[PDB]
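# Summary of structural features
Residues per chain are reported as follows:
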Amino acid sequence: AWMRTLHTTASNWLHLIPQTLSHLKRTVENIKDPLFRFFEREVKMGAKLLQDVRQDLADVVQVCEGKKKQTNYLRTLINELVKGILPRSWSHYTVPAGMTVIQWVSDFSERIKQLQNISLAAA
C-alpha cells in the first residue's frame with residue numbers, strides 16, 4: 001500500500017535524478033586558476049553528495065522491494081521521507097525552510113545538470 005507508493009515515487013526520482021557526476025575536474029596545469037579551483041571543489045562536493053543520494057535512494061527502493069534488512073539509519077531516512085521532510089543527512093547546501101523532499105530533489109537535479117554542463121565545458 002503506502003510502501004509501494006513510496007517505492008514508485010523513489011523510482012520516479014531515481015529516473016529523474018541524473019546519474020553519477022563526472023568528476024572530470026582534473027588538470028595540474030589549471031591548479032593555479034581560481035575559477036578552476038572553485039569549480040573543482042564544487043564538482044567534488046556535488047559528486048559525493050550525488051553518490052550518497054543515489055545510493056540511499058537505491059537502498060530505499062530495494063528495501064521497498066523487500067529483499068534487504070533496514071538499519072536504524074535507514075529507519076530514520078524512511079521516517080523522514082514518509083512525512084515529506086527533507087533528510088537531514090542529504091542537506092549539504094543551504095535550503096529554504098519548509099522545502100519538501102520533492103522540491104529539494106528537483107533543485108538538486110537542476111544543480112547536478114548545471115554541474116554536468118560545467119564539467120563538460122571544462123573537459
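Per the deposited record, the coordinates in this entry were obtained by cryo-EM to a resolution of 3.4 Å.

### What to know about the packing of helix α1 (residues 2-16) against helix α2 (residues 34-65)
Relative to each other, α1 and α2 sit at 145 degrees, their axes nearing to 9 Å. Note that α1 runs across α2; the crossing there is left-handed. Touching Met3, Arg4, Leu6, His7, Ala10, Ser11, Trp13 and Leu14 of α1 are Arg54, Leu57, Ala58, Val60, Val61, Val63, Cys64 and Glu65, all from α2. Of the residues that constitute the contact of α1 with α2, the class distribution is eleven nonpolar, two polar and three charged.

### Some details on the pattern of salt bridges
Summed over all chains, the structure comprises six salt bridges. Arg4 is paired through a salt bridge with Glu65; the nearest N and O atoms lie 3.1 Å apart. Within this pair, whereas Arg4 is found in helix α1, its partner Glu65 is found in helix α2, the two being separated by 61 residues in sequence. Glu65 gets classed as partly exposed once you look at its relative accessible area, which sits at 30%. Two residues, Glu40 and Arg26, come together in a salt bridge whose shortest N-O distance is 3.7 Å. Remark: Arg26 occurs in the loop between α1 and α2 and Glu40 occurs in helix α2; sequence separation between them is 14 residues. Here the salt bridges do not stand alone but share partners, grouping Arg4, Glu65 and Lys67 into one network.

### Side note on the packing of α2 against helix α3 (residues 72-82)
Each pair of packed helices can be described by the angle between their axes along with the distance between the axes. Between α2 and α3, whose axes approach to 11 Å, the crossing angle comes to 90 degrees. Taken together, the axes of α2 and α3 lie roughly perpendicular to each other. Mapping the contact onto sequence places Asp56, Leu57, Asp59 and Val60 in α2 and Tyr73, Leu74, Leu77 and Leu81 in α3. Split into classes, the residues belonging to the contact of α2 with α3 amount to six nonpolar, no polar and two charged.

What counts, and where the lines are drawn
- Residues numbered from 1 in each chain as written, not as in the entry; some residues may be left out.
- Part of a larger assembly, values for the part shown.
- Heavy atoms only, no water.
- Axes fitted to C-alpha atoms, helices over the stretch in contact; angles between N-to-C directions.
- Helix = DSSP H or I, 4+ residues; strand = E, 2+ residues; numbered from the N terminus.
- Left-handed = near helix turned anticlockwise from the far one by under 90°.
- Contact = heavy atoms within 4.5 Å.
- Nonpolar A, V, L, I, M, F, W, Y, C, P; charged D, E, K, R; others polar.
- Salt bridge = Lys/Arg side-chain N within 4 Å of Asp/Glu carboxyl O.
- Buried < 20%, exposed > 50% of the residue type's maximum accessible area, 1.4 Å probe, protein only.
- Parallel < 35°, antiparallel > 145°, perpendicular 65-115°, else oblique.

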